[PDB]
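**Student:** Sharing a structure below in structure tokens format, with a few things to ask.
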Amino acid sequence: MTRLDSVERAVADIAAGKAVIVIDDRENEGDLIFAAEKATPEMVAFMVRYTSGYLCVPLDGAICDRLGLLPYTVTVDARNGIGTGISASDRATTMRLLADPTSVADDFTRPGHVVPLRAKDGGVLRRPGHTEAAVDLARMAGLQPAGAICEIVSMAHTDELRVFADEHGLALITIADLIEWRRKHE
């Protein structure tokens with residue numbers, strides 16, 4: 001039985017501009033998660049090092065509506081003030097722009113190097129996904145409702161995640177504990 005951090009500690013990490021690891025038990029894997037507005041070259045570089053592939057930016061529905069994605073096919077880069085879009089610093093800039101409450105589709109170009117995702121209203125109480133968890137944590141940290149997530153390159157699995165989390169000072173939580181915390185403190 002591997003130690004899980006409290007939701008309160010994960011929220012505090014998010015608020016301080018740090019990352020956390022979130023496990024679900026849908027699929028049963030770990031995503032690295034930070035708040036999109038907190039993206040830096042250093043944190044994106046860190047995420048790039050351990051991503052299985054894509055870096056995604058979960059966004060609240062209102063943000064998606066504003067940007068024009070209603071209801072991976074869609075990738076974006078910031079239109080201005082970047083290189084080709086793939087550097088850690090370019091991706092960080094793209095991430096921050098997606099969290100900026102005045103960004104519009106015009107501020108971005110497609111295709112690009114960051115994947116926006118639409119979180120279900122209600123967050124993990126509605127759909128217990130990593131996408132919703134990332135938005136929930138940012139919102140709980142008092143930040144714009146916009147996260148940055150990747151699946152970490154792949155019990156023994158939850159064990160290795162605990163060591164990895166500790167080596168980098170990250171909180172490790174489950175979506176179940178997040179659902180439970182939200183039910184109680186909301």
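We label chains A, B, ... in the order they appear in the structure tokens, count residues from 1 in each chain, and number ligands from 1 in the order shown.
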If you count only C-alpha atoms, which residues fall within 8 Å of range 85-92 of chain A, apart from same-chain ones fewer than 6 positions away, as a list in words?

**Tutor:**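 My list of contacting residues is residues 39, 40, 41, 42, 44, 45, 48, 77, 78, 112, 113 and 114 of chain A.
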
**Student:** Please dump the current selection as a tab-separated table (two decimals), in the first residue's frame; keep N, CA, C and O atoms.

**Tutor:**
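Below you can see out17.tsv, which holds the result:
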```tsv
chain	number	residue	atom	x	y	z
A	39	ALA	N	3.36	27.63	-16.58
A	39	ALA	CA	4.33	27.01	-17.48
A	39	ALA	C	5.62	27.83	-17.58
A	39	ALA	O	5.57	29.03	-17.79
A	40	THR	N	6.77	27.16	-17.44
A	40	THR	CA	8.08	27.80	-17.67
A	40	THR	C	8.89	26.89	-18.59
A	40	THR	O	8.53	25.72	-18.75
A	41	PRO	N	9.99	27.41	-19.20
A	41	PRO	CA	10.92	26.56	-19.94
A	41	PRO	C	11.35	25.36	-19.11
A	41	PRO	O	11.30	24.22	-19.60
A	42	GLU	N	11.75	25.60	-17.87
A	42	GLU	CA	12.19	24.52	-17.00
A	42	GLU	C	11.10	23.46	-16.78
A	42	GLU	O	11.38	22.26	-16.87
A	44	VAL	N	8.34	22.76	-18.61
A	44	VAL	CA	8.01	22.09	-19.88
A	44	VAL	C	9.12	21.11	-20.27
A	44	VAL	O	8.85	19.97	-20.66
A	45	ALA	N	10.38	21.55	-20.12
A	45	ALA	CA	11.55	20.69	-20.39
A	45	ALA	C	11.46	19.42	-19.56
A	45	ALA	O	11.72	18.31	-20.05
A	48	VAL	N	8.67	17.36	-20.98
A	48	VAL	CA	9.14	16.76	-22.25
A	48	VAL	C	10.00	15.50	-22.00
A	48	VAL	O	9.89	14.49	-22.70
A	77	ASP	N	0.10	26.35	-31.68
A	77	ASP	CA	1.23	27.12	-31.20
A	77	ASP	C	0.75	28.56	-31.04
A	77	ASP	O	-0.10	29.01	-31.82
A	78	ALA	N	1.32	29.29	-30.08
A	78	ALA	CA	1.20	30.74	-30.08
A	78	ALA	C	1.57	31.28	-31.47
A	78	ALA	O	2.59	30.89	-32.04
A	112	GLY	N	0.37	22.69	-34.49
A	112	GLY	CA	1.31	23.22	-33.52
A	112	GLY	C	1.80	22.11	-32.63
A	112	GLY	O	1.72	20.93	-33.03
A	113	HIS	N	2.29	22.47	-31.45
A	113	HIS	CA	3.04	21.50	-30.64
A	113	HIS	C	2.45	21.26	-29.25
A	113	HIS	O	3.05	20.56	-28.44
A	114	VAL	N	1.27	21.81	-29.00
A	114	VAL	CA	0.56	21.63	-27.74
A	114	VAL	C	-0.88	21.24	-28.09
A	114	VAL	O	-1.46	21.83	-29.02
```

**Student:** List every residue of range 6-159 of chain A that DSSP, applied to the backbone, labels as alpha helix (DSSP H), and write the result as a PyMOL selection string.

**Tutor:** chain A and resi 7-15+41-50+61-67+88-99+130-140+156-159

**Student:** Could you save the residues just selected, with N, CA and C atoms, as a short mmCIF file (atom, residue, chain, number, x, y, z; two decimals), in the first residue's frame?

**Tutor:**
```cif
data_model
loop_
_atom_site.label_atom_id
_atom_site.label_comp_id
_atom_site.auth_asym_id
_atom_site.auth_seq_id
_atom_site.Cartn_x
_atom_site.Cartn_y
_atom_site.Cartn_z
N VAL A 7 -4.75 15.78 -1.08
CA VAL A 7 -5.20 16.75 -2.08
C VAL A 7 -4.73 18.16 -1.71
N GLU A 8 -4.82 18.52 -0.43
CA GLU A 8 -4.33 19.83 0.02
C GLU A 8 -2.88 20.09 -0.38
N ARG A 9 -2.01 19.09 -0.26
CA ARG A 9 -0.61 19.28 -0.65
C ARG A 9 -0.45 19.42 -2.17
N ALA A 10 -1.23 18.65 -2.93
CA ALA A 10 -1.22 18.74 -4.39
C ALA A 10 -1.66 20.15 -4.82
N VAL A 11 -2.76 20.64 -4.25
CA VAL A 11 -3.23 22.01 -4.53
C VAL A 11 -2.16 23.04 -4.19
N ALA A 12 -1.51 22.89 -3.02
CA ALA A 12 -0.44 23.81 -2.65
C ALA A 12 0.72 23.77 -3.65
N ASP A 13 1.10 22.59 -4.14
CA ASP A 13 2.15 22.49 -5.18
C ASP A 13 1.73 23.24 -6.46
N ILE A 14 0.50 23.01 -6.89
CA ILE A 14 -0.02 23.63 -8.12
C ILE A 14 0.06 25.17 -8.01
N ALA A 15 -0.44 25.68 -6.88
CA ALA A 15 -0.42 27.12 -6.54
C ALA A 15 0.98 27.72 -6.51
N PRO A 41 9.99 27.41 -19.20
CA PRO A 41 10.92 26.56 -19.94
C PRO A 41 11.35 25.36 -19.11
N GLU A 42 11.75 25.60 -17.87
CA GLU A 42 12.19 24.52 -17.00
C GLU A 42 11.10 23.46 -16.78
N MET A 43 9.87 23.87 -16.48
CA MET A 43 8.84 22.82 -16.23
C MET A 43 8.43 22.06 -17.49
N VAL A 44 8.34 22.76 -18.61
CA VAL A 44 8.01 22.09 -19.88
C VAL A 44 9.12 21.11 -20.27
N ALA A 45 10.38 21.55 -20.12
CA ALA A 45 11.55 20.69 -20.39
C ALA A 45 11.46 19.42 -19.56
N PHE A 46 11.07 19.59 -18.29
CA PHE A 46 10.87 18.51 -17.38
C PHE A 46 9.78 17.55 -17.87
N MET A 47 8.61 18.09 -18.17
CA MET A 47 7.54 17.32 -18.77
C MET A 47 7.97 16.65 -20.11
N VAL A 48 8.67 17.36 -20.98
CA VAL A 48 9.14 16.76 -22.25
C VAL A 48 10.00 15.50 -22.00
N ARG A 49 10.83 15.56 -20.96
CA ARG A 49 11.73 14.49 -20.61
C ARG A 49 10.96 13.22 -20.28
N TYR A 50 9.78 13.35 -19.66
CA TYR A 50 9.07 12.18 -19.17
C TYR A 50 7.71 11.89 -19.85
N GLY A 61 -14.62 24.55 -20.13
CA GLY A 61 -15.53 24.74 -21.28
C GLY A 61 -15.67 26.17 -21.78
N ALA A 62 -15.76 27.12 -20.86
CA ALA A 62 -15.87 28.54 -21.20
C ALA A 62 -14.67 29.00 -22.01
N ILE A 63 -13.48 28.51 -21.64
CA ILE A 63 -12.28 28.85 -22.40
C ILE A 63 -12.33 28.25 -23.78
N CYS A 64 -12.71 26.98 -23.86
CA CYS A 64 -12.82 26.32 -25.16
C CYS A 64 -13.85 27.07 -26.04
N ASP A 65 -14.99 27.47 -25.47
CA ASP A 65 -15.99 28.21 -26.26
C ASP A 65 -15.34 29.47 -26.84
N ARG A 66 -14.71 30.28 -25.98
CA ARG A 66 -14.02 31.52 -26.41
C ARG A 66 -13.02 31.29 -27.54
N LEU A 67 -12.26 30.21 -27.45
CA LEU A 67 -11.26 29.86 -28.48
C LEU A 67 -11.85 29.19 -29.72
N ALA A 88 11.01 24.11 -25.42
CA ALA A 88 10.35 24.12 -24.12
C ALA A 88 9.77 25.50 -23.86
N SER A 89 10.55 26.52 -24.22
CA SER A 89 10.15 27.90 -24.05
C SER A 89 8.99 28.33 -24.98
N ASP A 90 8.99 27.83 -26.21
CA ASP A 90 7.88 28.06 -27.12
C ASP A 90 6.60 27.41 -26.56
N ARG A 91 6.70 26.15 -26.13
CA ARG A 91 5.54 25.43 -25.60
C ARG A 91 5.02 26.09 -24.32
N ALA A 92 5.93 26.50 -23.43
CA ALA A 92 5.53 27.25 -22.23
C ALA A 92 4.72 28.49 -22.61
N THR A 93 5.20 29.25 -23.60
CA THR A 93 4.50 30.47 -24.06
C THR A 93 3.11 30.16 -24.58
N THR A 94 3.01 29.09 -25.38
CA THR A 94 1.72 28.62 -25.91
C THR A 94 0.76 28.26 -24.75
N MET A 95 1.27 27.50 -23.79
CA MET A 95 0.50 27.12 -22.60
C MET A 95 -0.03 28.31 -21.82
N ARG A 96 0.85 29.28 -21.54
CA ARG A 96 0.41 30.47 -20.83
C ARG A 96 -0.68 31.22 -21.64
N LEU A 97 -0.56 31.27 -22.95
CA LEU A 97 -1.52 32.02 -23.74
C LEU A 97 -2.91 31.40 -23.68
N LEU A 98 -2.94 30.06 -23.69
CA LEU A 98 -4.17 29.29 -23.56
C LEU A 98 -4.88 29.55 -22.23
N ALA A 99 -4.11 29.79 -21.16
CA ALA A 99 -4.65 30.15 -19.83
C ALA A 99 -5.04 31.66 -19.71
N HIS A 130 -8.05 12.55 -16.06
CA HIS A 130 -6.92 13.44 -15.90
C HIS A 130 -7.18 14.85 -16.44
N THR A 131 -7.85 14.96 -17.59
CA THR A 131 -8.20 16.27 -18.16
C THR A 131 -8.96 17.11 -17.13
N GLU A 132 -10.01 16.52 -16.53
CA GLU A 132 -10.81 17.23 -15.52
C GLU A 132 -10.01 17.50 -14.25
N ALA A 133 -9.20 16.52 -13.82
CA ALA A 133 -8.37 16.71 -12.64
C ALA A 133 -7.46 17.92 -12.77
N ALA A 134 -6.86 18.10 -13.95
CA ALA A 134 -5.89 19.18 -14.16
C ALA A 134 -6.60 20.54 -14.02
N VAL A 135 -7.74 20.67 -14.68
CA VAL A 135 -8.56 21.90 -14.53
C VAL A 135 -9.01 22.13 -13.09
N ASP A 136 -9.46 21.06 -12.42
CA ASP A 136 -9.90 21.18 -11.02
C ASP A 136 -8.79 21.67 -10.12
N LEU A 137 -7.63 21.04 -10.20
CA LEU A 137 -6.48 21.49 -9.39
C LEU A 137 -6.09 22.95 -9.62
N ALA A 138 -6.04 23.37 -10.88
CA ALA A 138 -5.71 24.78 -11.15
C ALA A 138 -6.75 25.70 -10.51
N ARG A 139 -8.02 25.34 -10.66
CA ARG A 139 -9.08 26.17 -10.12
C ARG A 139 -9.00 26.18 -8.59
N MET A 140 -8.77 25.01 -7.97
CA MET A 140 -8.63 24.89 -6.50
C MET A 140 -7.42 25.67 -5.95
N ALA A 156 3.47 -2.49 -8.50
CA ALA A 156 4.79 -2.09 -9.01
C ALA A 156 4.82 -0.74 -9.78
N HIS A 157 3.76 -0.46 -10.55
CA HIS A 157 3.66 0.81 -11.27
C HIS A 157 3.46 2.00 -10.31
N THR A 158 2.48 1.90 -9.41
CA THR A 158 2.23 2.95 -8.41
C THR A 158 3.45 3.14 -7.49
N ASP A 159 4.20 2.05 -7.29
CA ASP A 159 5.47 2.08 -6.55
C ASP A 159 6.55 2.92 -7.20
#
```

**Student:** May I have the residues within 8 Å of residue 33 in chain A as a list in words, using only C-alpha atoms and disregarding those fewer than 3 positions away in the same chain?

**Tutor:** residues 19, 20, 21, 22, 134, 147, 148, 149 and 150 of chain A

**Student:** Nearest residue to residue 51 in chain A out of A:151, A:106, A:25, A:121, using only C-alpha atoms?

**Tutor:**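 Distance minimum relative to residue 51 in chain A lands on A:151.
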
**Student:** Run DSSP on the backbone and tell me which residues of range 8-93 of chain A come out as strand (DSSP E or B); list them as a ChimeraX atom specification.

**Tutor:** /A:20-23,30-35,51,56-59,76-78

**Student:** Restricted to N, CA and C atoms, what would the selected residues look like written as an mmCIF file, in the first residue's frame?

**Tutor:**
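The resulting file, selection.cif, is reproduced below:
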```cif
data_model
loop_
_atom_site.group_PDB
_atom_site.id
_atom_site.type_symbol
_atom_site.label_atom_id
_atom_site.label_comp_id
_atom_site.auth_asym_id
_atom_site.auth_seq_id
_atom_site.Cartn_x
_atom_site.Cartn_y
_atom_site.Cartn_z
ATOM 1 N N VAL A 20 2.454 17.968 -10.094
ATOM 2 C CA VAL A 20 2.026 16.850 -9.270
ATOM 3 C C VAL A 20 1.804 15.693 -10.214
ATOM 4 N N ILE A 21 1.644 14.487 -9.659
ATOM 5 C CA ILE A 21 1.320 13.295 -10.415
ATOM 6 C C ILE A 21 -0.053 12.860 -9.989
ATOM 7 N N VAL A 22 -0.936 12.652 -10.960
ATOM 8 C CA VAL A 22 -2.281 12.138 -10.668
ATOM 9 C C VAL A 22 -2.521 10.750 -11.283
ATOM 10 N N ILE A 23 -2.957 9.807 -10.449
ATOM 11 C CA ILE A 23 -3.318 8.455 -10.876
ATOM 12 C C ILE A 23 -4.837 8.294 -10.966
ATOM 13 N N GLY A 30 -0.385 7.286 -14.566
ATOM 14 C CA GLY A 30 -0.010 8.551 -13.963
ATOM 15 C C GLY A 30 0.234 9.623 -14.990
ATOM 16 N N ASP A 31 -0.381 10.777 -14.771
ATOM 17 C CA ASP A 31 -0.077 11.978 -15.520
ATOM 18 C C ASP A 31 0.661 12.967 -14.637
ATOM 19 N N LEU A 32 1.675 13.592 -15.212
ATOM 20 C CA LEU A 32 2.288 14.780 -14.636
ATOM 21 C C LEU A 32 1.356 15.980 -14.936
ATOM 22 N N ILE A 33 1.093 16.827 -13.952
ATOM 23 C CA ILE A 33 0.114 17.908 -14.107
ATOM 24 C C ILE A 33 0.669 19.181 -13.454
ATOM 25 N N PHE A 34 0.626 20.298 -14.170
ATOM 26 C CA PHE A 34 0.797 21.615 -13.541
ATOM 27 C C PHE A 34 -0.257 22.586 -14.086
ATOM 28 N N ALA A 35 -0.352 23.791 -13.502
ATOM 29 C CA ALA A 35 -1.259 24.797 -14.038
ATOM 30 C C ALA A 35 -0.615 25.436 -15.274
ATOM 31 N N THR A 51 7.408 12.572 -20.947
ATOM 32 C CA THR A 51 6.136 12.360 -21.637
ATOM 33 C C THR A 51 6.283 11.167 -22.566
ATOM 34 N N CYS A 56 -0.475 18.181 -23.413
ATOM 35 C CA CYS A 56 -1.852 18.636 -23.569
ATOM 36 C C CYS A 56 -2.181 19.727 -22.541
ATOM 37 N N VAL A 57 -3.166 20.566 -22.859
ATOM 38 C CA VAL A 57 -3.565 21.658 -22.000
ATOM 39 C C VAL A 57 -5.092 21.532 -21.808
ATOM 40 N N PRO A 58 -5.523 20.852 -20.716
ATOM 41 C CA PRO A 58 -6.934 20.801 -20.347
ATOM 42 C C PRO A 58 -7.401 22.205 -20.059
ATOM 43 N N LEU A 59 -8.573 22.515 -20.602
ATOM 44 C CA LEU A 59 -9.181 23.832 -20.501
ATOM 45 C C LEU A 59 -10.641 23.706 -20.107
ATOM 46 N N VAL A 76 -1.955 23.392 -31.428
ATOM 47 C CA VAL A 76 -1.739 24.812 -31.616
ATOM 48 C C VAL A 76 -0.357 25.236 -31.122
ATOM 49 N N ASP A 77 0.104 26.346 -31.681
ATOM 50 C CA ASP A 77 1.230 27.119 -31.201
ATOM 51 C C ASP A 77 0.753 28.556 -31.038
ATOM 52 N N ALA A 78 1.322 29.286 -30.077
ATOM 53 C CA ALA A 78 1.196 30.737 -30.080
ATOM 54 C C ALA A 78 1.567 31.285 -31.471
#
```

**Student:** To one decimal place in Å, what is the distance between CA of residue 145 in chain A and CA of residue 36 in chain A?

**Tutor:** 8.5 Å

**Student:** Nearest to residue 154 in chain A among A:73, A:80, A:103, A:28, with distances taken over only C-alpha atoms: which residue is it?

**Tutor:**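 Of all the options, A:28 lies closest to residue 154 in chain A.
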
**Student:** Find, counting only C-alpha atoms, the residue in A:2, A:75, A:52, A:84 that gets nearest to residue 116 in chain A.

**Tutor:**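 For residue 116 in chain A, the nearest of the given residues is A:75.
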
**Student:** If we count only C-alpha atoms, what is near residue 180 in chain A at a cut-off of 10 Å, once residues fewer than 4 positions away on the same chain are taken out, given as a list in words?

**Tutor:**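 The filter keeps residues 7, 124, 125, 174, 175, 176, 184 and 185 of chain A.
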
**Student:** Go ahead and dump the residues you just picked, N, CA and C atoms, as a JSON list (two decimals), in the first residue's frame.

**Tutor:**
```
[["chain", "number", "residue", "atom", "x", "y", "z"],
["A", 7, "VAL", "N", -4.75, 15.78, -1.08],
["A", 7, "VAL", "CA", -5.20, 16.75, -2.08],
["A", 7, "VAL", "C", -4.73, 18.16, -1.71],
["A", 124, "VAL", "N", -13.94, 16.49, -12.08],
["A", 124, "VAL", "CA", -13.90, 15.04, -11.73],
["A", 124, "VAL", "C", -15.20, 14.46, -11.12],
["A", 125, "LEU", "N", -16.06, 15.33, -10.59],
["A", 125, "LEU", "CA", -17.39, 14.89, -10.16],
["A", 125, "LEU", "C", -18.25, 14.46, -11.32],
["A", 174, "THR", "N", -4.58, 10.35, -6.14],
["A", 174, "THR", "CA", -5.51, 9.68, -7.03],
["A", 174, "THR", "C", -6.68, 10.60, -7.35],
["A", 175, "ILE", "N", -7.35, 10.31, -8.47],
["A", 175, "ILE", "CA", -8.58, 10.99, -8.84],
["A", 175, "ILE", "C", -9.68, 10.68, -7.79],
["A", 176, "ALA", "N", -9.64, 9.47, -7.23],
["A", 176, "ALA", "CA", -10.59, 9.06, -6.19],
["A", 176, "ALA", "C", -10.49, 9.99, -4.99],
["A", 184, "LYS", "N", -16.58, 16.90, -0.27],
["A", 184, "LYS", "CA", -16.58, 17.40, 1.11],
["A", 184, "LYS", "C", -16.38, 18.91, 1.27],
["A", 185, "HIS", "N", -15.53, 19.53, 0.45],
["A", 185, "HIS", "CA", -15.11, 20.91, 0.73],
["A", 185, "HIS", "C", -15.76, 21.93, -0.20]]
```
